[PDB]
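Protein sequence lines, in the order shown, are assigned to chains B and U.
Its first residue numbered 5, the first sequence is counted upward by one per residue in this note's numbering.
Its first residue numbered 6, the second sequence is counted upward by one per residue in this note's numbering.
Notes follow the structure.
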Amino acid sequence: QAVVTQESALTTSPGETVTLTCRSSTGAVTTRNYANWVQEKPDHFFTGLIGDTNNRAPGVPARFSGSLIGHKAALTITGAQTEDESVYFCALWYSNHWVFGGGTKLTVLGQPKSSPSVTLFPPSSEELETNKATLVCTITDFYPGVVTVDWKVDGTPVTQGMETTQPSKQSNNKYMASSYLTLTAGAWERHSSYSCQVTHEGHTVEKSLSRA
Amino acid sequence: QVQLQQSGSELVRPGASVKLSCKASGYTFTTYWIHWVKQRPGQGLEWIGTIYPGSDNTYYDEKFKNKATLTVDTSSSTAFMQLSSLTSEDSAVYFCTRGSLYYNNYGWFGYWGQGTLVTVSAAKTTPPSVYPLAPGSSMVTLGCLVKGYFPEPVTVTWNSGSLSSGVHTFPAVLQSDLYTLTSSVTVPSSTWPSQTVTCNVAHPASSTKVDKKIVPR
């Protein structure tokens with residue numbers, strides 16, 4: 005029942021040094037945890053960077069160093085490169101079992117930051133004719149590729165019938181994603197204003213429409 | 006050289022089971038631990054368990070204590086995972102991955118199979134319903150919603166491929182056993198509606214085609 009947590013997402017320019025950490029909720033992380041680091045890349049491509057706490061797997065650049073800092077395992081990139089943008093996962097071993105951290109999303113800034121283009125479409129009268137109402141929120145052209153989506157109706161927030169696709173890479177190396185709000189037609193005609201808000205880099209973009 | 010071969014994808018019925026396979030090559034199957042890892046859409050990796058094909062020693066996560074069974078056939082260098090009594094919860098990608106010669110010490114998760122997208126669904130080949138998305142109002146972003154189809158994928162184009170740049174087509178979502186995606190395109194304000202814009206959706210699996218002109222609401 006041991007939870008390993010990593011930093012959600014971290015940002016860094018090329019040439020900089022950055023440290024990903026890996027916290028254990030059993031207590032301090034020791035070499036007896038044989039902290040491994042594995043990297044995931046688009047199209048689910050995994051590379052095992054570090055095993056045995058600080059042992060680099062062959063061929064892996066010097067750039068990457070496993071380390072214990074304080075009470076936590078740590079992966080450090082010294083002279084971070086643009087190709088290091090990835091999810092990084094640490095894994096710790098515990099009395100026969102492994103547990104994975106939830107993974108840090110690393111952004112090595114390949115280009116200036118970029119705010120999403122948000123677009124909120126209302127339901128079509130065709131869907132409506134089937135007693136359904138889907139609002140579609142399209143989010144494109146953002147960098148770093150990390151957002152969270154929220155929906156509001158007549159002021160109050162929603163936690164029912166929401167779905168957001170994981171941000172995927174556009175061909176200009178920015179990211180895109182979509183988010184959906186499925187409701188009854190009944191419900192759609194019972195409310196007035198519907199809102200889609202993407203948070204990104206400590207600010208929020210919000211499209212909303214009022215019902216005609 | 007070192008290679009892990011998992012079948013691309015598998016469709017399973019809500020209640021049934023599946024025996025995922027992972028075929029080793031490039032080294033000695035009996036000398037490295039295989040591990041099985043679950044990953045969902047944008048979620049962490051979840052470690053299921055591991056098997057030493059030289060020993061059959063197997064360790065499982067509590068979570069998966071009654072879900073998975075690891076097995077090997079050393080004469081065909083294949084590790085198997087058996088998943089029992091499936092629900093949408095189990096819809097995920099599953100990877101086998103190669104550990105170390107040793108329990109935890111002198112190695113890496115250095116090599117991984119392509120993964121198998123296991124999809125739990127009771128659906129039959131269902132063609133899509135396509136809906137136009139016009140705005141409620143510089144430039145203007147139209148789209149269309151491809152809803153309630155199965156299986157993956159569909160192909161969306163705009164004006165039969167005539168409009169190409171400004172096209173974004175997002176990943177499907179699996180809702181109530183059925184797939185949904187949406188496509189958008191951005192065109193100049195004045196162009197539309199004066200000139201027509203039409204998504205052409207097509208479903209290979211049902212051999213169905215739906216063209217849909219977007220008109221102002």
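Each residue gets a CB set at the ideal place from its N, CA and C atoms; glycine is no exception.
- Going by C-alpha positions, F146 (chain B) is about 19 Å away from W155 (chain B).
- Interface annotation, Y147 (chain B): not in contact with chain U, CB-CB separation never under 8 Å.
- Here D78 (chain U) is bridged, per DSSP, to U:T83.
- Of B:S90, B:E210, B:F50 and B:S214, the smallest CA-CA separation from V153 (chain B) is found for B:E210.
- Rounded to the nearest whole angstrom, the C-alpha separation of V23 (chain U) and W197 (chain U) is 50 Å.
- Contact annotation: in the stretch 124-135 of chain B, residues whose CB is within less than 7 Å of a CB in chain U are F125, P126, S128, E130 and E131.
- With fewer than 16 other Cβ atoms from the protein chains shown falling within 10 Å of its own Cβ, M144 (chain U) counts as exposed.
- Neighbours of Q170 (chain B) across chain U, judged by C-beta separation under 8 Å: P46, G47 and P176.
- Considering only U:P133, U:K218, U:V206 and U:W41, the residue with the shortest C-alpha distance to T74 (chain U) is U:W41.
- Around the beta carbon of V220 (chain U), fewer than 16 other beta carbons lie within 10 angstroms, which makes this residue exposed.
- Between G190 (chain B) and chain U, the shortest Cβ-Cβ separation is not below 8 Å.
- The distance from the Cβ of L16 (chain U) to that of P156 (chain U) is about 7 Å, consistent with a contact at the 8 Å cut-off.
- At the C-beta level, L147 (chain U) and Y136 (chain U) stay beyond 8 Å of one another.
- The C-beta distance from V91 (chain B) to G107 (chain B) rounds to 5 Å, short enough to fall under 8 Å.
- Exposure of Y111 (chain U) is indicated by the presence of fewer than 16 other C-beta atoms within 10 angstroms of its C-beta.
- For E167 (chain B), the enclosing beta strand (DSSP E) begins and ends at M166 to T168.
- The straight-line gap separating the alpha-carbon atoms of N37 (chain B) and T203 (chain U) is approximately 57 Å.
- With 16 or more other Cβ atoms inside 10 Å of its own Cβ, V190 (chain U) counts as buried.
- The stretch 186-196 of chain B and the stretch 83-100 of chain U do not touch, with fewer than 3 CB-CB distances between them shorter than 8 Å.
- For the pair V151 (chain B) and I143 (chain B), the CB atoms are nearer than the 8 Å cut-off.
- Listed as beta-bridge partners of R45 (chain U) by DSSP are no residues whatsoever.
- Counting C-beta atoms within 10 angstroms of its own C-beta, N100 (chain B) has fewer than 16 neighbours from the protein chains shown and is therefore classed as exposed.
- Annotation for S214 (chain B): the continuous beta strand (DSSP E) segment containing it runs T208 to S214.
- Here the alpha carbons of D158 (chain B) and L96 (chain B) stand approximately 46 Å from one another.
- In this chain, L168 (chain U) is not harboured by any beta strand (DSSP E), its DSSP state being neither H nor E.
- Contact between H204 (chain B) and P120 (chain B) holds, since their C-beta atoms are separated by about 6 Å, short of 8 Å.
- Taking 8 Å as the threshold, the shortest C-beta distance from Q6 (chain U) to chain B does not fall below it.
- Under the Cβ criterion (8 Å, minimum of three pairs), the stretch 205-222 of chain U counts as touching the stretch 156-167 of chain U.
- A direct Cα-to-Cα measurement between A21 (chain U) and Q180 (chain U) gives close to 19 Å.
- Any Cβ of chain U closer than 8 Å to the Cβ of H207 (chain B) would place that residue at the interface, and such an atom is absent.
- Contacts with chain B at 8 Å (Cβ-Cβ) do not include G31 (chain U).
- In the three-state reduction of the DSSP assignment, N37 (chain B) falls in the helix class.
- For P193 (chain U), there is no enclosing alpha helix (DSSP H); the enclosing beta strand (DSSP E) covers residues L183 to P193.
- Between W102 (chain B) and chain U, the shortest Cβ-Cβ separation is below 8 Å.
- The alpha carbon of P133 (chain U) has as its nearest neighbour, out of U:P58, U:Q10 and U:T185, the alpha carbon of U:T185.
- DSSP places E131 (chain B) in the uninterrupted alpha helix (DSSP H) bounded by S129 to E133.
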